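Q: my sequence and its experimental structure, below.
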Amino acid sequence: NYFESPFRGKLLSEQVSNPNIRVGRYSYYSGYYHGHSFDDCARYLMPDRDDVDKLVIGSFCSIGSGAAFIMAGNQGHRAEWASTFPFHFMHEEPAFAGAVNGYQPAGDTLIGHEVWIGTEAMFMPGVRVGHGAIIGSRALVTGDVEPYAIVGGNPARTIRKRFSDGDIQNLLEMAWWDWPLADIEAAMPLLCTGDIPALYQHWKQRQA
Amino acid sequence: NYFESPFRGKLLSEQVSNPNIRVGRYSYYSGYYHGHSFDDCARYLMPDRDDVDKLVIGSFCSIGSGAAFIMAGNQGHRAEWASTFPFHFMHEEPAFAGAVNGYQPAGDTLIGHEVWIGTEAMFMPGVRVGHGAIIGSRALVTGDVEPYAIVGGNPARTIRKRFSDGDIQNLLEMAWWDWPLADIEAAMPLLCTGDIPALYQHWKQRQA
Amino acid sequence: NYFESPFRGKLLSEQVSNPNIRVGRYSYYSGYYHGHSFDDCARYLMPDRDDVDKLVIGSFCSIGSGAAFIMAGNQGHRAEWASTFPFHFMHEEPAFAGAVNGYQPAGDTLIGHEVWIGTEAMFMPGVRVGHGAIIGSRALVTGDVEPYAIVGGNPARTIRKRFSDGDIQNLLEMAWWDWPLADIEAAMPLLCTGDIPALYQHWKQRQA
């Protein structure tokens, strides 16, 4: 077990290893209940190729145990073809030599800043979860998620947003997750409330 | 593997170990397909603190492999705050010193008597599954379940109840799961039918 | 880990071992992320008894990691009885001696030809997935699936069919998955398109 206690996770930066995984600051993962370091959470991601899709995780993300990000696009499976069998990849069989490569990229998988991901939540290829979004446990994300949206379910569907639309708009504008640490510590007292408007002022002020 | 065969489970009483887990008689768990004893089914449950929420399981429960009961309330994550990041818990960072503890208990998780839980069913913090309830496999229970309700799905939703409302009412009144063993063996022939009304009489009689 | 790379699966024929598992040609499974060979994907399947239900997999199936086929019917759990507790199986307890066997078979689980099963998809007892069907990941299949249906979700529900009804009808008639290899290689160029009608002609012709 890469982890010592169910109550102690480790930084992404201190455990990520596949070059095609770009994690941000302070984002962490706690997988004591799945025992593997964060690298194995990225399924089918080639550490070799620069040609593949990449998993990108924003800053300040708290990631639950056993989360999984399915990669490698279709894996050479074309549902619109007469057969979903990856003939092209089945080398040995000489008969399958003429097979064309049905593989298709899907685009980098992007997880925004401050995304709270539930244990065992699974993300399909190419999704883009927005900042602040909250992914429920066991949630199977099959599409893009909006900033500050609370989703959950198989398939995952938005249940509501964390703040008002205005609130959100303000949060998106001050982007505290990009704030110099000194200011994050400064505004700390306000980051522990739901007073977006207050925070917004404290921001506008400091900016001067 | 704590288990010898996919077809042989062990008593909760003979494997539970966290002091904050109170299992009842005859309730059993079979986790050959997940290999760990029942203690690891309670996620994030502190065996140390008397201050935490507890997992309580009634009598005569049959629990499928890999079931999981997510504990520790919010784990210090406040979705209504400007940030869902557990700053307070991120010690090292001196900047995060002023952070307030966003943690919140959720209440004991209660699983009634005779609850049949499917393999890999996952229960969220603070739910209360009622007696007789049947939890489908892979079912993600996010709220209270009623006695004799058959649920399933992500999110889990009642599909129907096992018996009539009257039937249920009778079952709830005689509470066979609390019956002295001699009477359980006695009424055995009737516990293997759907004749609640018959059982109810056999009960009323013996009571005299 | 029975598997060497997340990108390299093995034939069912080269790893199946329970006698009650009948896999077809070219069908493969890649479980690097679950590390166990295909035999453990069949949950509660007795390799001993000829009396039990069997798991049957067609030809040309691509099976994702950690897929699972729940077997053993009800496992002796009768929801329509007053108790869902498998008394009959709880030997030790002499009191439970009179218990009747609530067990019930459910019928072989049949997975058709060319079924593409997503990682961690779980099939309940007795379902029958039709040829060409596509099972989404994490999909919990609780009932029969039609040929060329694309399902997903907990519970799994058809999202749409891969081809037209006519298209389907043609595909079902030529059954390429039963074609002598020489013809499969022959028609290879067409098996890599969505031109069912074209394929159908190429077929009708060769037949002469």
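A: Sure, I can see it. Residues are numbered from 1 along each chain as shown, chains lettered A, B, ... in the order given.
Q: contacting residues around residue A:137?
A: A:64, A:118-121, A:152, B:70, B:122, B:124, B:140 (Cβ atoms under 8 Å, 6 or more residues apart in numbering or on different chains). Quick note: C-beta positions are derived from backbone N, CA and C, even for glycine.
Q: that one belongs to a helix?
A: No - counting by DSSP: H, G, I helix; E, B strand; the rest coil, residue A:137 falls outside a helix, being coil.
Q: any idea how far residue B:75 is from it?
A: 11 Å (Cβ to Cβ, to the nearest Å).
Q: contacts for stretch A:78-85, please.
A: Against stretch A:78-85 from outside (Cβ under 8 Å, 6+ apart): A:77, A:102, A:104, C:26, C:60, C:62, C:114, C:116, C:132, C:134, C:150, C:162, C:171, C:176, C:190-196, C:199.
Q: ditto for stretch A:110-118
A: A:24, A:55-64, A:67, A:123, A:127-139, A:147, A:152, A:175, A:177-178, B:77, B:79, B:83-85.
Q: among those residues, which lie within helices?
A: Among the contacts of stretch A:110-118, no residue falls in helices (DSSP state H).
Q: from these, which land in strands?
A: Mapping these onto strands (DSSP state E) picks out A:55-57, A:62-63, A:123, A:128-129, A:134-135, A:152.
Q: same list (those) but as TSV, adding neighbour count.
A: Formatted as TSV, the ones in strands among the contacts of stretch A:110-118 follow (neighbours: other Cβ atoms under 10 Å in any protein chain shown):
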residue	neighbour count
A:55	21
A:56	16
A:57	26
A:62	25
A:63	25
A:123	26
A:128	18
A:129	28
A:134	25
A:135	26
A:152	23
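Q: using CSV, lay out those together with distance to residue A:43.
A: Compiled in CSV, the ones in strands among the contacts of stretch A:110-118 are given as follows (distance: Cβ to Cβ, whole Å):
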residue, distance to residue A:43
A:55, 10
A:56, 15
A:57, 15
A:62, 20
A:63, 15
A:123, 10
A:128, 18
A:129, 16
A:134, 22
A:135, 16
A:152, 21
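Q: which two from those end up farthest apart in space?
A: Spanning the widest gap among the ones in strands among the contacts of stretch A:110-118 are A:56 and A:152, at 22.5 Å by Cβ to Cβ.
Q: sorry, back to before: quick check: ChimeraX command selecting the buried ones in the contacts of residue A:137.
A: Those of those that count as buried under 16 or more other Cβ atoms under 10 Å in any protein chain shown are selected in ChimeraX with:
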select /A:64,118,119,120,121,152 /B:70,122,124,140
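Q: run a quick neighbour tally on residue A:186.
A: Under the neighbour criterion other Cβ atoms under 10 Å in any protein chain shown, residue A:186 is assigned a count of 16.
Q: need the contact list for it.
A: Going by Cβ under 8 Å, 6+ apart, residue A:186 touches residue A:206.
Q: is it correct that residue A:58 is in contact with residue A:177?
A: Yes - under the criterion of Cβ atoms under 8 Å, residue A:58 makes contact with residue A:177 at 6.9 Å.
Q: quick check: neighbours shared by these two?
A: By Cβ under 8 Å, 6+ apart, the residues touching both residue A:58 and residue A:177 are A:113-114, A:131.
Q: residue A:150: what secondary structure?
A: Of the three states, residue A:150 takes strand according to three-state DSSP.
Q: for it, give the beta-bridge partners.
A: Per DSSP bridges, the residues bridged to residue A:150 are residue A:134, residue A:160.
Q: that one: neighbour count?
A: 17.
Q: wait, it touches residue A:156, no?
A: No - with contact defined as Cβ under 8 Å, residue A:150 does not reach residue A:156; the gap is 10.2 Å.
Q: overlap in contacts of those two?
A: Joint contacts of residue A:150 and residue A:156 (Cβ under 8 Å, 6+ apart) are residue A:136.
Q: please tell me how far the residue positioned nearest the centre of chain A sits from residue A:57.
A: For chain A, the residue nearest the mean C-alpha position is residue A:111 (3.4 Å; Cα atoms, centre = their mean). Look at residue A:111 and residue A:57: by Cβ to Cβ, they are 5 Å apart.
Q: residue numbers of chain A in contact with chain C?
A: Within reach of chain C by Cβ under 8 Å from any Cβ of the partner chain, chain A has these residues: A:40, A:43-44, A:46, A:70, A:72, A:77-87, A:90, A:93, A:95-100, A:102, A:122, A:124, A:140, A:142, A:153-155.
Q: which of those count as buried?
A: A:40, A:43-44, A:46, A:70, A:72, A:77-79, A:81-87, A:90, A:95-96, A:99, A:102, A:122, A:124, A:140, A:142, A:153-155.
Q: circling back to that earlier point, dump the shared contacts of residue A:58 and residue A:177 into TSV; add distance to residue A:166 and neighbour count as well.
A: Shown next, in TSV, are these (distance: Cβ to Cβ, whole Å; neighbours: other Cβ atoms under 10 Å in any protein chain shown):
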residue	distance to residue A:166	neighbour count
A:113	20	24
A:114	19	27
A:131	16	22
